[PDB]
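The residues of the chain are indexed from 1 along the displayed sequence. Computed from heavy atoms alone, side chains included, the values below leave out hydrogens, waters and symmetry copies.
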Amino acid sequence: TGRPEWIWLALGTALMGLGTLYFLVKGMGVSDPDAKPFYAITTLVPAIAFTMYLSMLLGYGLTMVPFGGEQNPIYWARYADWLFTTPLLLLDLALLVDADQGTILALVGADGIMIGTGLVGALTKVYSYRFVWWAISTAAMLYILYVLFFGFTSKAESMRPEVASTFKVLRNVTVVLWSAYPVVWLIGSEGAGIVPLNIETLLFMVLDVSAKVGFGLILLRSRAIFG
Ligand SMILES: *C/C=C(C)/C=C/C=C(C)/C=C/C1=C(C)CCCC1(C)C
């Protein structure tokens, strides 16, 4: 179809694929059992992002939704990606600060709501309602971020300065990147359609890749993954 954004899809596929292979080889060569968890989870993020990025590049994960008097292109494959990749990244942090089971449960659930109402809004035909679902999805994200900032950061204090310092970095990267998605959605094709689809795809690959490959490298290169 030669759509104005295939350039960004092919670059995301390439970066996600590269990060996936490096983590895979870096994780399968480690003998520390207690380290496997982090490597398997971290390699699994790029992995999923790769496949979904490849599908969109090939013309899938796309559907036209009617609203605003137009037939808007909605790349739904993104949510199929985020549904499994966000809670997995949340788990990496949870296993890092000795996060309690009840906490992990609440974070995974809130995350489920976030992507759930997120896709529903992106598929809604009543323009104004799309922003209703967007509003609920965003609130769920702020909850997760609250727990990550106030809660998780407090537990990372019972760790060594090595585990507490690696978490603050991953927490900071997660807070900055996750915070930008709702805005990108709001002013993009799923929202006010102010920023064209090609730019939007560019903004997402940068965020996706930074929050996945950029997240994995920091976590896997550190020595705080050695329980
Ligand atoms: C690898 C992907 C990552 C780390 C994705 C993070 C995605 C978010 C924090 C997405 C948030 C959204 C909202 C707050 C509301 C509107 C719809 C979403 C799903 C784009």
Side-chain angles (χ1 to χ4, degrees), residues 15-16 18-20 22-49 81-115 137-184 204-227:
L15 298 185
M16 294 301 203
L18 286 176
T20 294
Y22 172 55
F23 298 148
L24 203 185
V25 181
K26 186 174 180 176
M28 287 206 74
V30 211
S31 93
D32 178 338
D34 266 312
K36 298 294 189 198
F38 287 115
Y39 281 110
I41 300 316
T42 297
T43 300
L44 194 55
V45 171
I48 304 172
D81 181 310
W82 300 334
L83 182 65
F84 304 107
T85 58
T86 47
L88 278 172
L89 290 169
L90 247 37
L91 175 51
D92 262 327
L93 295 168
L95 302 180
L96 195 65
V97 306
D98 185 62
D100 304 294
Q101 177 175 292
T103 290
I104 300 173
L105 203 195
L107 279 172
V108 175
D111 194 300
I113 296 174
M114 181 178 89
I115 307 297
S137 176
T138 301
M141 176 199 87
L142 294 177
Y143 163 65
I144 299 174
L145 296 179
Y146 187 78
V147 164
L148 245 55
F149 188 79
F150 279 94
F152 278 43
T153 298
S154 182
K155 234 181 180 302
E157 298 308 310
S158 59
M159 309 295 120
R160 300 293 296 187
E162 178 49 58
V163 181
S165 62
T166 298
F167 172 65
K168 65 178 180 181
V169 173
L170 295 176
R171 180 199 70 195
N172 288 178
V173 178
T174 298
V175 170
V176 177
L177 294 182
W178 284 45
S179 297
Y181 283 81
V183 180
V184 180
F204 279 129
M205 80 147 260
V206 178
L207 293 172
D208 286 299
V209 179
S210 291
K212 284 185 179 56
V213 185
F215 179 107
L217 292 171
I218 302 179
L219 170 66
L220 303 181
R221 80 178 304 184
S222 61
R223 67 273 221 185
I225 57 178
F226 298 68

Checklist entry - Passes side-chain contact (heavy atoms from CB on, under 4.5 Å), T103 versus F152? Steps please. => result CA-CA 9 Å; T103 290; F152 278 43; 3.2 Å; yes
Checklist entry - Side chain of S154, backbone of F150: donor and acceptor closer than 3.5 Å? => result no
Checklist entry - Within a radius of less than 6.0 Å around CZ of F226, do more than 12 heavy atoms belonging to other residues, nucleotides or ligands occur? => result yes
Item to check | Donor-acceptor under 3.5 Å (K212 side chain, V45 main chain) | outcome: no
Checklist entry - Does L219 offer a backbone N or O that forms a donor-acceptor pair with the side chain of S222 under 3.5 Å? => result yes
Next on the checklist: With a 3.5 Å distance limit and no angle check, can you tell me whether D111 reaches the backbone of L107 through a side-chain donor-acceptor pair?
Outcome noted: no
Checklist entry - For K36, does the NZ atom have more than 12 heavy-atom neighbours from other residues, nucleotides or ligands under 6.0 Å away? => result yes
Next on the checklist: Looking at every non-hydrogen atom in both residues, tell me the closest pair between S179 and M141 and how far apart they are.
Outcome noted: CA-CE, 3.9 Å
Next on the checklist: Once you measure the plane-to-plane angle for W82 and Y181, does it fall in the parallel (<30°), tilted (30-60°) or perpendicular (>60°) bin?
Outcome noted: perpendicular
Next on the checklist: When you measure from the side chain of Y39 to the backbone of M28, do you find a donor-acceptor pair of N or O atoms at a distance under 3.5 Å?
Outcome noted: no
Item to check | Any donor-acceptor pair under 3.5 Å from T153 side chain to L148 backbone | outcome: yes
Checklist entry - Where is the tightest heavy-atom contact between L145 and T174, given as atom of each residue plus distance? => result CD2-O, 4.3 Å
